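# here's a sequence, model it:
(chains A, B, C, D, E, F, G and H)
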Amino acid sequence: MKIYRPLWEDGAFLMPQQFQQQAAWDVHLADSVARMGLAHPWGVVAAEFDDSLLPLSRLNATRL
Amino acid sequence: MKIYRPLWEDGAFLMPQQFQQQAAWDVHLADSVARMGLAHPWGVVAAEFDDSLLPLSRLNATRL
Amino acid sequence: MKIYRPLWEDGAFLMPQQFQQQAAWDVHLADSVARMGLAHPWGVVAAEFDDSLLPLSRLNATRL
Amino acid sequence: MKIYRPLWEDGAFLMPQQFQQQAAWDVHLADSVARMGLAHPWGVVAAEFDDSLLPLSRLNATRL
Amino acid sequence: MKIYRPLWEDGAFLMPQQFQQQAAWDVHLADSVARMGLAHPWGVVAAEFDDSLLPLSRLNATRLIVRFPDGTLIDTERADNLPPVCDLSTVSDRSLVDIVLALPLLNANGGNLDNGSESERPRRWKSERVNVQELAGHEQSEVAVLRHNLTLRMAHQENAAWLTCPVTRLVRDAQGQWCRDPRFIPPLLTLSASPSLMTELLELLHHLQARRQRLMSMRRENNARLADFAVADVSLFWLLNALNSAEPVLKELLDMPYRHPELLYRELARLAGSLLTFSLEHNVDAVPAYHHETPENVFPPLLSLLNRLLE
Amino acid sequence: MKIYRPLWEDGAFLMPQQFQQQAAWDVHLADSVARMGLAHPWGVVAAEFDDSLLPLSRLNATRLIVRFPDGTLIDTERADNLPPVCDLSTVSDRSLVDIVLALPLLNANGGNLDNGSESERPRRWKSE
Amino acid sequence: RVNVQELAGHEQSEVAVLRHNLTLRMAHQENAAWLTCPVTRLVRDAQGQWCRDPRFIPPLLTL
Amino acid sequence: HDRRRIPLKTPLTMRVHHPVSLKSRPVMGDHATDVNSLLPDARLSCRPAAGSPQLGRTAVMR
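Residues are numbered from 1 along each chain as shown, chains lettered A, B, ... in the order given. Shown next is the protein structure:
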């Protein structure tokens, strides 16, 4: 998606894309530091549901 | 506890509560990466003292 | 070359060596995340080259 | 407990007990408003503690 | 009137007229809070008298807490002094005196009552000098506490440029002596300023529980009767519905001190309007309407209606 | 918006914070007593108008008793003057109009409307 | 001693505000002179840790 | 030198601008800086104040 990286010098000035790409870059490093969490893909650590809403044929989440 | 990642768009004032929360979220990501493998309350890395002053009962730390 | 955590006040002067010494701390954090199970100076993923100019004395990298 | 609300007309030297007994009397009037319909004393609105500090035993509070 | 908020600007000097305008605003906030649960203006928390000095005919108070309809609270235990003794000798040969408590009105031109020297206008806020200081370590110097100006007015109390709230009612006994009558009580912010009510309503509730116990003894003993189609058994089923639905609310409310009586009225009206349609031939107009501004000829005929239906 | 509250002893310089914070705390107490079995996105007690100017393009209000959901009381018989005349010169379709009684939002560094200075945000103000 | 801002546009200054002397005690001690309200309950768990019961309820002004 | 405070600048300008923006020196928050007794009490109309302070009235000790 062409994740750019901004340049801050004495004449550089403020934009929203200054901060959005720098936000995305350290998200992208979190996959590059996984050499087993890339072996198996991304996972699920907690998922808990409610059963009392089922006789009404509804469904609602609690923790995800 | 709660962690509030800011929205970035062309309206917002440059308020200091954005940067502290955005920097706080990256520690949580970098720790959820480290809990993919090990399981630990963290430990020391280096701890070296100076045995010169010790006849005068004063202890100092050169590197921690 | 030390790294300084910048302090986000309010009602002060902004300088780009707050942004730079902010940005250079997260990479140093991800380094010490990575160096907890693995123990080497890391290397290459997926180098690819061009071969057409090779009758002459010329090279051309394509993806690194 | 001998709550003395004072008066101010003229020439009265300022003195802290006027302010203190005024502030107490406002609390007492606002208490007697609430004690008309409900016949309940006060209680707890919110009490949230910290759970990540429990197995290393301490106890820190957040909202009381 | 015209109540004004002050502005605490820097460089605005000081005036005594500021603090009065501030302190006559939070009282108005208290009414604006409290009038989300009130029909009609207020009454008595508690009132206790000393009838021992009656053969030397007089009357004096002991403990008296009454709220007034402008938001003024009276406390003899913490804030105010007791009203002076009443002299009944000019009404020595009549039968009934209805005694109200009085504070004068407030107009927007005067203020306190300066030593009674100009006493054609009855005015409140009598001052006093008590020295109490000790919330940091010393007691010495002397402040001007404010006290109100309370009297008692009994027989031509209807000539009032005053605010009235009735407290007690005297009758001639057969030995010519006045005594306090155990009768109807001018209005209540509690159920504690009327021991006659706390004697009657406990009898009401203890009378209610026994009839329900009698009804349960009729039907639980026979297992066919729990779902029978007898024309009295359907009425008895619906009657246990009407009693079991309305017991624990009243049992909660009557194991309790002070609580405003409109809430109790809304729970007795449901029981009366339920049981009214069960064994009668009389009009729905037997239900009394609620008059709080009166001294309550509502609350005894209601209970006289309910004590007839349960037998 | 924190709400501080002071101590008095043995001679302290009277500062306007020591009165403002005390007024704010007694507003907050009355609202916390007012929650206690209610809802509080609260509303309007009484609103009365003046309706003669409708053959012209104007509108005027005569009585407003409004309680805002933060718990601030506005009582136009007592310590608040009626807002100025509404304006109807810029209305195209005649079912559009829905009128809201505005009131400027307070911030933790501002203050009053000193006239002779301009701003893109107003405040409550010293009048009289 | 903090610096509360005037709410009329000027600078702030240093006043003395009050702060309550609250504390956290345990029920099995002596608690005569204080004025208490219970807030939570701790139990012991299988590995020898402390954890919170989800079963206690305090006295509540709110649900 | 005196540690002055406010003058409130009339646009806030720290909207993070997309179409046109500038940095070099002027950056801030919302309030700048600019480096460059024996007295009586609450009586009537006009002489309460010692200007801004009010003391000299409750030293009853020492």
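
# and the residue lying farthest from the centre of chain A, how far from chain H?
Within chain A, the residue lying farthest from the chain centre (C-alpha atoms, centre = their mean) is residue A:55, at 34.7 Å. Residue A:55 sits 51 Å away from chain H, going by C-beta to the nearest C-beta, to the nearest Å. Backbone N, C-alpha and C define where each C-beta goes, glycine included.

# dump the residue contacts of the closest residue to residue A:62 other than its chain neighbours.
Across the structure, with C-beta to C-beta, 6 or more residues apart in numbering or on different chains as the measure, the residue nearest residue A:62 apart from its sequence neighbours is residue A:48 (4.9 Å). Remark: with contacts taken as C-beta atoms under 8 Å, 6 or more residues apart in numbering or on different chains, residue A:48 is in contact with A:61-63.

# among those, name the ones in strands.
Restricting the contacts of residue A:48 to those inside strands, with DSSP state E as the criterion, leaves A:61-63.

# identify the bridge partners of the residue nearest to residue A:62.
Each beta-bridge partner of residue A:48 is listed here, defined by DSSP bridges: residue A:63.

# kindly export stretch H:14-25 (C-alpha atoms) in PDB.
Extracted in PDB, the C-alpha atoms of stretch H:14-25 (Å, rounded to 0.1, in the frame of the first residue of the first chain):
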ATOM      1  CA  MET H  14      -2.900  24.300  15.500                       C
ATOM      2  CA  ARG H  15      -5.500  22.700  13.400                       C
ATOM      3  CA  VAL H  16      -3.200  20.300  11.500                       C
ATOM      4  CA  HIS H  17      -3.700  21.900   8.100                       C
ATOM      5  CA  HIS H  18      -3.900  19.800   4.900                       C
ATOM      6  CA  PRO H  19      -4.000  22.500   2.100                       C
ATOM      7  CA  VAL H  20      -1.500  25.100   3.300                       C
ATOM      8  CA  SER H  21       0.600  25.000   6.500                       C
ATOM      9  CA  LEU H  22       3.800  26.400   7.800                       C
ATOM     10  CA  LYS H  23       6.200  25.600  10.700                       C
ATOM     11  CA  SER H  24       9.500  27.200  11.000                       C
ATOM     12  CA  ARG H  25       9.300  29.200  14.300                       C
END
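
# burial of residue H:27, as a residue count?
Counted with other C-beta atoms under 10 Å in any protein chain shown, the neighbours of residue H:27 add up to 16.

# rebuild the ones in strands among the contacts of residue A:48 as CSV, extending it with neighbour count.
Supplementary listing: the ones in strands among the contacts of residue A:48 in CSV, determined by neighbours: other C-beta atoms under 10 Å in any protein chain shown:
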residue, neighbour count
A:61, 9
A:62, 9
A:63, 8
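
# dihedrals phi and psi, the residue of chain H found nearest chain B?
Scanning chain H for the residue nearest chain B gives residue H:14, at 3.8 Å (criterion: C-beta to the nearest C-beta). Summarising the backbone geometry of residue H:14 under the convention degrees, to the nearest 10, its torsions are phi -100, psi 20.

# and it, what does it touch?
Shown here is residue H:14, whose contacts under the criterion C-beta under 8 Å, 6+ apart are B:13-14, H:27-30.

# ok, and of those, which contact chain A?
Near chain A, judged by C-beta under 8 Å from any C-beta of the partner chain, the entries from these are residue B:14.

# can I have the buried ones of the contacts of residue H:14 as a ChimeraX selection?
Buried subset of the contacts of residue H:14, written as a ChimeraX selection, criterion 16 or more other C-beta atoms under 10 Å in any protein chain shown:
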select /B:14 /H:27,28,29,30
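
# filter the contacts of residue H:14 down to the ones in strands?
No part of the contacts of residue H:14 ends up in strands, with DSSP E as the criterion.

# with distance to chain G added, can I get the contacts of residue H:14 in CSV?
Compiled in CSV, those are given as follows (distance: C-beta to the nearest C-beta, whole Å):
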residue, distance to chain G
B:13, 19
B:14, 21
H:27, 22
H:28, 17
H:29, 14
H:30, 13
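
# out of the contacts of residue H:14, which one sits closest to chain E?
residue H:30 (21.2 Å).

# tell me how far whichever strand or helix holds residue A:25 lies from the chain's centre.
Taking DSSP states H and E as the definition, residue A:25 sits inside helix A:16-32. Taking C-alpha atoms, centre = their mean, to the nearest Å, one finds helix A:16-32 lying 10 Å from the centre of the chain it belongs to.

# just stretch A:27-42 next, same as before
Taking C-alpha atoms, centre = their mean, the mean C-alpha location of stretch A:27-42 is offset from the chain mean by 12 Å.

# with stretch H:28-46 instead?
8 Å.

# what about it and chain E, any contact?
Yes: for stretch H:28-46 and chain E, the contact criterion (C-beta under 8 Å from any C-beta) is met by H:41-46.

# now the buried members of the residues you listed.
A residue is treated as buried here by neighbour count (16+ other C-beta under 10 Å); on that basis the buried members of the residues of stretch H:28-46 next to chain E are H:41-43.

# reformat these as CSV; add secondary structure.
Supplementary listing: those in CSV, determined by DSSP: H, G, I helix; E, B strand; the rest coil:
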residue, secondary structure
H:41, coil
H:42, coil
H:43, coil
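
# re the thing from before, give the other helices and strands that the helix holding residue A:25 contacts.
On a contact count with 3 or more C-beta pairs under 8 Å, 6 or more residues apart in numbering or on different chains; DSSP states H and E, helix A:16-32 meets helix B:17-34, helix C:16-34.

# if anything else comes up later, I'll come back, but that's it for now.
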